[PDB]
Structures are given as structure tokens and as C-alpha cells.
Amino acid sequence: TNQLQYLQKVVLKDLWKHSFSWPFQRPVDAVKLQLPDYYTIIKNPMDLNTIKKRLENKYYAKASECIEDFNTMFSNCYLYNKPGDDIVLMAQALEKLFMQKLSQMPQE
């Protein structure tokens, strides 16, 4: 499970420390953001703290399941929001950081 550890102590920790990560450190707050339809049209909401808890709890069976949750977090954000929105620019920078750290994942 060395790929799942790299995802926890490297990929997740490096995304979390990144400047743009705080909007993604909890599930999208539909009350604070005033989004009556968010949890209606976004079928698989995802956030960095959910990924953190699932890694700590050994919820994932293989690295690809956790990687998919990371991708779902980015695509939910692109999907719901609009081109050029601040949050979308933040998602993209975090996704680039995500992809470049997947570059260095031990292929085990």
C-alpha cells in the first residue's frame, strides 16, 4: 500500500499546505455559499478533509480509488462554477500540483 501512503503523507499534505487549498478543506457549504441546488446536481461531492479521513480510516482499497476522489473534487468545481471564476482558477492550480506530484508516485 505504498501508493496510498504517498497519497496521504505527500500528495495530500502538499495540496493542503498550498495557498489556494482552504476552500477545499471542507465539503462545499451550501448554506454559507447560498447554493440550494448544489447537492442536487452534484451527485458525488468531494473535499480534501473527506479524502484525509478516508486515508486515515483505510477506506480505499487501492490508490486509484483515492486518485478518483481527487479528480472528482476538481471536476465538481469546474462543473458547478463558470469559466474564469476565482475558485476555478484555484482548482486548476491545485490540479496541476496534483498531477505533477502523481508524476513522482512509486509505481509499485
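From 1 onward, residues are counted along the sequence shown. Heads up, when I say rigid core I mean the largest set of C-alphas that superpose within 1.5 Å between the two forms.
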* **Core-fitted comparison in 9 other deposited structures of this protein, 70-78 vs 32-40, farther C-alphas** => 32-40
* Relative to this form, superposed by the core, which stretch has the greater CA RMS in 9 other deposited structures of this protein: 87-95 or 21-29? -> 21-29
* Structure fact -> Stretch with higher mean Cα temperature factor, 64-72 vs 29-37, is 64-72
* Quick one: say whether 82-90 or 10-18 has the higher mean Cα B-factor in the deposited entry. => 10-18
* **Third assignment of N57 from its chain's C-alpha B-factors** => highest
